[PDB]
Amino acid sequence: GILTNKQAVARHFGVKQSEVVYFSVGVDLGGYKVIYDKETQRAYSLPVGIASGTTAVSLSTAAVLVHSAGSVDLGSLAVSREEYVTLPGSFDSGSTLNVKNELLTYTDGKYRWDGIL
Amino acid sequence: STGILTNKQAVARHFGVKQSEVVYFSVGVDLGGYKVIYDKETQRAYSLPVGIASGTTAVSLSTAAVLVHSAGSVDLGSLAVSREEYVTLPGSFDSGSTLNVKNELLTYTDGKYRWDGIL
C-alpha cells in the first residue's frame, strides 16, 4: 500500500524509495528528499539541509510545510525546480488552484497562479 | 517478489512503456527486447537503445550508467540526455551537490544545468 506508493513517487522524482516520507504530525524529516501528502495525494521535493531530529508540525492545502525548525512553501520550491502538476480541465472548464506548482491549461499554453491561494 | 513487479509498473508508467519491457540489471540477464533497464542499487531507470539482439546478456553497469553487454557497450546517461529523460537532483548550486550521471540536472537561480565534463 504505502510501500508501492513510495515506489511510484520515487520513480517520478528519481530518488530512492527510502528517500520518500509521508507527512504526519511529528514525522522526522531528516535526510528525506521527497514528502508525500496522503490527503491531497500530492508529492513535493523537500528543501535540502533539514537536520536530523527536525519534525513535521503541519502541511497546508497550499503545500506550506511547517516543522520544528521553521517552515517552507513546497509549492514555491517546486516551481523553482520546475516540478508541476497540470490540473485537469482548462480555463474553458474552470478550476480551483491550491498550490503554486499547479498549472492550468489555456489555448496558448499553461499558466501558474502567483497570487492569493 | 511483488516488490519487483510493482516497481516495474511504476517505472513503466513513468516512461510510458509496458511493464514487461522493464528489466532489472544483473550480471548475465538477457537484455533483448527490453525498452527500459533499472539499477536496483542506485534506483535509477534508463531507456535502452533499440536493437539489442536476443541472447545479448548484461556484463556491468557503472554509477555513471555505462552499460556493458556481451555484444558491446552504451552510455545510458548520454542516451537519456538525447531523450530529455532527466533527474533533477535535490538541492541546488548554492547548497552544493554531487553529480554522477549525464542525465542529472542541478538547479541554479536562472534554470537547470547538466554536466558535460568528467564525472
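Protein chains get the first letters and strands the later ones, always in sequence-line order, with residue 1 at the start of each. Just the heavy atoms: all of them, side chains too, but no hydrogens, waters or symmetry mates, feed the values below.
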For this session: Working to the nearest 0.5 Å, report the span between CZ of A:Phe23 and CG of A:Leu59.
Result: 5.5 Å
Exercise. Under a 4.5 Å side-chain heavy-atom rule over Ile, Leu, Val, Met, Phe, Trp and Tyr, are A:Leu87 and A:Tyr106 clustered together?
Worked result: yes
Exercise. Out of curiosity, does A:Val21 fall in the hydrophobic cluster containing A:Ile2 (side-chain heavy atoms, cut-off under 4.5 Å, transitive links)?
Worked result: no
For this session: Supply the atom-to-atom distance A:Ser90 OG to A:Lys110 NZ, rounded to the nearest 0.5 angstrom.
Result: 12.0 Å
Exercise. Would you call B:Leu105 and B:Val87 a side-chain contact if the rule is heavy atoms closer than 4.5 Å?
Worked result: no
Exercise. Taking atom OH of B:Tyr113 as the centre, does the number of heavy atoms from other residues, nucleotides or ligands within less than 6.0 Å exceed 12?
Worked result: yes
For this session: Compare all side-chain heavy atoms of B:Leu67 with those of B:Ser73 and state whether any distance is below 4.5 angstrom.
Result: no
For this session: Quick one: closest heavy-atom pair of A:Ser24 and A:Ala56, and the distance?
Result: O-CB, 3.7 Å
For this session: Answer with yes or no whether the hydrophobic clustering places A:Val25 together with A:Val57; edges join I, L, V, M, F, W, Y residues whose side-chain heavy atoms lie under 4.5 Å apart.
Result: no
For this session: Find out whether A:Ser45 and A:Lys33 are in side-chain contact, i.e. whether some heavy atom of one side chain is under 4.5 Å from a heavy atom of the other.
Result: no
Exercise. Are B:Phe15 and B:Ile4 linked, directly or through other ILVMFWY residues, by side chains that come within less than 4.5 angstrom of each other?
Worked result: yes
Exercise. What distance do B:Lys102 atom NZ and B:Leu76 atom CG have between them, rounded to the nearest 0.5 Å?
Worked result: 12.5 Å
Problem set entry | Chi angles and distances behind the side-chain contact (heavy atoms from CB on, under 4.5 Å) call for A:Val99, A:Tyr44 | CA-CA 11 Å; A:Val99 199; A:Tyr44 305 91; 3.6 Å; yes
Exercise. Can you name the nearest heavy-atom pair linking B:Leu48 to B:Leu79, along with the distance?
Worked result: C-CD2, 4.0 Å
For this session: Find the distance between OG1 (B:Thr107) and CZ (B:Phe93) and round it off to the nearest 0.5 Å.
Result: 8.5 Å
Problem set entry | Exercise: identify the closest heavy-atom pair between A:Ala8 and B:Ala10 | CA-CB, 3.7 Å
For this session: Go through the structure and list residues passing side chain to side chain donor-acceptor pair (under 3.5 Å) with A:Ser76, not counting sequence neighbours.
Result: A:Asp73
For this session: Not counting sequence neighbours, list each pair that qualifies as a side-chain hydrogen bond (donor to acceptor under 3.5 Å, both in side chains) and has a residue in residues 54-71 of chain B.
Result: none
Problem set entry | Taking every non-hydrogen atom, the tightest pair across A:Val48 and B:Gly91 | CG2-N, 3.3 Å
Exercise. So do A:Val15 and A:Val20 actually touch side chain to side chain, heavy atoms under 4.5 Å?
Worked result: yes
For this session: Would you check if B:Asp116 and B:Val81 make a side-chain contact, meaning some heavy-atom pair closer than 4.5 Å?
Result: no
For this session: Find out if a path of hydrophobic residues (ILVMFWY) with successive side-chain heavy-atom gaps under 4.5 Å connects A:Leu117 to A:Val64.
Result: no
Exercise. Using a distance-only test with no angle check, is there a side-chain donor-acceptor pair under 3.5 angstrom linking A:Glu82 and B:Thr88?
Worked result: no
Seminar exercise, completed: Interatomic distance, NE2@A:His12 vs CD@A:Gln7, rounded to 0.5 Å, equals 15.5 Å
Problem set entry | Least distance between heavy atoms, A:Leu104 atom then A:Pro88 atom | CD1-O, 4.2 Å
Problem set entry | Within 6.0 Å of CZ in B:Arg83, more than 12 heavy atoms from elsewhere | no
Exercise. How many angstroms lie between CG in B:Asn103 and OG in B:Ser82, if you round to the nearest 0.5 Å?
Worked result: 10.5 Å
Exercise. Do A:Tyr22 and A:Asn5 have side-chain N/O donor and acceptor atoms under 3.5 Å apart?
Worked result: yes
Exercise. Are A:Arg42 and A:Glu102 close enough for a salt bridge, meaning some N to O gap below 4.0 Å?
Worked result: yes
Exercise. If we only count heavy atoms from C-beta on, is the B:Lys8 to B:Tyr38 side-chain gap below 4.5 Å?
Worked result: no
Problem set entry | Distance-only donor-acceptor check, side chains A:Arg11 and A:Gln17, under 3.5 Å | no
